[PDB]
Amino acid sequence: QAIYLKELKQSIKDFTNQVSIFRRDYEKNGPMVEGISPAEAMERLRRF
């Protein structure tokens, strides 16, 4: 049961910085209002 607790630990630990790099990709990439991007935004929005 303990090693499963430590697995849950490392899981939460890595998921945190995953969400970090997630929110950090957001501001520079995609639906943020930066360029024209004529009607292509759907592809990147769907990958998001």
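No lab work stands behind these numbers, since they all come straight from the coordinates. Neighbour counts are summed over all protein chains in view; Cβ atoms, including those assigned to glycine, are modelled from backbone coordinates with ideal geometry.
When you check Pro38 against the structure, is it in a loop (DSSP other than H, G, I, E, B) and surrounded by 10 or more Cβ atoms within 10 Å (Cβ to Cβ), yes or no?
no
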- [ ] Only residues that are surrounded by 10 or more Cβ atoms within 10 Å (Cβ to Cβ) and of a type outside the set (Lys, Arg): list them for the stretch 21-35, please.
- [x] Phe22, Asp25, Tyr26, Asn29, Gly30, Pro31, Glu34
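Residues are listed down the side, and each one gets a yes or a no for (1) assigned to a helix (DSSP H, G or I); (2) within 15 Å of the chain's Cα centre (by Cα); (3) of a type in the set (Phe, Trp, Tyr):
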{"position": "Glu7", "(1), (2), (3)": "yes, no, no"}
{"position": "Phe15", "(1), (2), (3)": "yes, yes, yes"}
{"position": "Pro31", "(1), (2), (3)": "no, yes, no"}
{"position": "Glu34", "(1), (2), (3)": "no, no, no"}
{"position": "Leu45", "(1), (2), (3)": "yes, yes, no"}
